[PDB]
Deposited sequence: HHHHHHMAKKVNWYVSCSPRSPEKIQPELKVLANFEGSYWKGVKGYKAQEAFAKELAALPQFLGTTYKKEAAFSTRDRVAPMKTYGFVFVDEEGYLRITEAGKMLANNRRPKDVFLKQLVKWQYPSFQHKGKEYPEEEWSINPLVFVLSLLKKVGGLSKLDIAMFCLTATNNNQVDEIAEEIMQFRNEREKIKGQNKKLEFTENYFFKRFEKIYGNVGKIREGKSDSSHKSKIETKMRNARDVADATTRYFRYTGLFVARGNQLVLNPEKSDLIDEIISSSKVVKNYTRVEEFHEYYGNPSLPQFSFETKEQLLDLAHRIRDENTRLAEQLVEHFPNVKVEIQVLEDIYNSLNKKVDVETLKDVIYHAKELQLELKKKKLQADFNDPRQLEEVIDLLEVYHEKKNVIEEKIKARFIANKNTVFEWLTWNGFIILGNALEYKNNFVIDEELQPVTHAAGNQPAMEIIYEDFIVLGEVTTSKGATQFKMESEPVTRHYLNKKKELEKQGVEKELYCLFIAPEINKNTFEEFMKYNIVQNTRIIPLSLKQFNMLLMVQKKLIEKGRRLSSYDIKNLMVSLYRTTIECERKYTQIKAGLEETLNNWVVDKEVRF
């Protein structure tokens, strides 16, 4: 028997399921089971690796089964559930996840019989964590790896809440931040020992837990039910009504041993049906969010006219309802309108940033990346669920939000409903794309150094830029394209290589040290103190200048290097603030 439930790491973040599932849907109706199925699994594996997204079958497909996107009918054919179809078509993907993860239970068709007896097992894991959080405050990745994976029954909420509360109480006693880690780590080894070389073996289970707890946080956050506060998973205050209804109507259905019958329920993305899902109530919910958005916008359009973008998009979303007023159209309007709200929140950060303490938090946090590896990991884990690399992307992006005037601040790393970081940008994408009135600036960041940096950033960066420019041409968008490449320490060979690309291949890649990126932030801080702020033109100008310097200066590493410092300081001084 098993004693933990798990969220697979294939992939670690949910948004990567969609492209694989889209490819898998093409094998619907293929023989899939045993030896007669080899030809299809083989053809799939292969058409799958051909994605830009990837440049063993049973291991990738398993999560898709587990979340009831797909199954194998009794006579051996691959089937795609209604939920799978919707996700493959990219229809309201986070709602599809929310509803599947809410119905997720043990036992199930995947996890039944011998290894999963009903004496031990009866749990909806997502809804467990929702109930559990109603008691405890939030749960770090380690809480979850420690305590939650091992829970096998919805009944164990209180027992497990209590036991966590005590672990917090026995840890408050241990003085020394160093000594607290020992206590925690030893408690971890012991608790798992009760439950599962002796020494090296339990440690490997503890490793596995920490991995699976990361994935868990990422999947649960993608639902919009949970968010991050600091390094703690907690409930989303905007979803209280829903979470309630979810806890109330939850259940472990007993009919899980026959594949067709089980998936008729578990594959159904309309289930569970919630109380507000009527035409009447969906209209109210659609209107309600329009009001929230109109409001947010209206409080911001004086100081920050770049919100006219969102305003126009809302008009476009809602205009559907002049054509159709059915349940389905309403759900799409509501989904899109919440995405658009999330865009509005990115623009509201612009306003939050008129507060020097808020602006300074980003500066100060960015500063941390000057410190040594060990101090980096420490101040991060204490403040964020996502790892340091992903947080650097997050922070830089906030930097561009500080500087203002973009029509869109397009993070390519994943964030949650409270704009907190989750997952880094995919290999085929820059970390962010900042879209202005008449130019576009890509953000490429890294924390890697020396020979390693060249390895890792040279080709990706130039390729992203060249791919992006191709796409603008294709779409006939006629804005200049720059790329700011930001690192705490830029490696000489990396720098020279982008220089080569700028003059030879006509890229506009501008390397700025972290120190230099920060000066921009401080510059904007001081402007705001004096009731002024950077314009779209100021940023354009800075980008044009620094690029000009890259192609016009003598082809000597320290020549260009000081040339950038030169152009930079020109622009700095120009804003007529000293220090």
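In sequence order, the gaps in C-alpha coverage of the deposited chain fall at 1-8, 64-73, 215-227.
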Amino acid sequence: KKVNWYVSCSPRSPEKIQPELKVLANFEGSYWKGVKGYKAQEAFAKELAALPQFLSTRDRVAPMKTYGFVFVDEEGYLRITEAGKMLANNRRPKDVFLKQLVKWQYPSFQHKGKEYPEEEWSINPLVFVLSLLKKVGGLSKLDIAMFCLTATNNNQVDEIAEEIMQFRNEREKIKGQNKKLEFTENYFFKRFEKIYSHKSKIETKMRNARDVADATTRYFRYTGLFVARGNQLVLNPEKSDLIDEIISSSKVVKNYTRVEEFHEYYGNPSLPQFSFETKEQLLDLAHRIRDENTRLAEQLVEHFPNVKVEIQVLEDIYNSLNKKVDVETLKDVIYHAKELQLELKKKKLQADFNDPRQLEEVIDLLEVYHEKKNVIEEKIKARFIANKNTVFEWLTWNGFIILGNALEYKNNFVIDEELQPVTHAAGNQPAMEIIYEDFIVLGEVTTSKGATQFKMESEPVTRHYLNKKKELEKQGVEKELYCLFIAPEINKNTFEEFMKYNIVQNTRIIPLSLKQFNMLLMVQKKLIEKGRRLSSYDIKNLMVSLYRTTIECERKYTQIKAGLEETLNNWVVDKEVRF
From here on, numbers count along this sequence of modelled residues.
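The PDB entry reports B-factors from which the mean C-alpha value can be compared for 202-210 and 249-257; the larger average falls on 202-210.
For the pair 413-421 and 478-486, the mean B factor over Cα atoms is greater in 478-486.
Ranking 163, 284, 393, 172 by Cα temperature factor from the entry places 172 first. Comparing C-alpha B-factors across 231, 178, 428, 398 in the deposited entry, the largest value falls on 178.
When the modelled residues of the chain are ordered by their C-alpha B factor, residue 562 lands in the highest third.
In the PDB entry, a CA B factor belonging to the highest third of its chain's modelled residues is recorded for residue 448. Remark: residue 531 belongs to the highest third of its chain, ranked by C-alpha B-factor as recorded.
In the PDB entry, residue 568 places in the highest third of its chain by CA B-factor. Residue 546: CA B factor in the middle third of modelled residues in this chain (values from the PDB entry).
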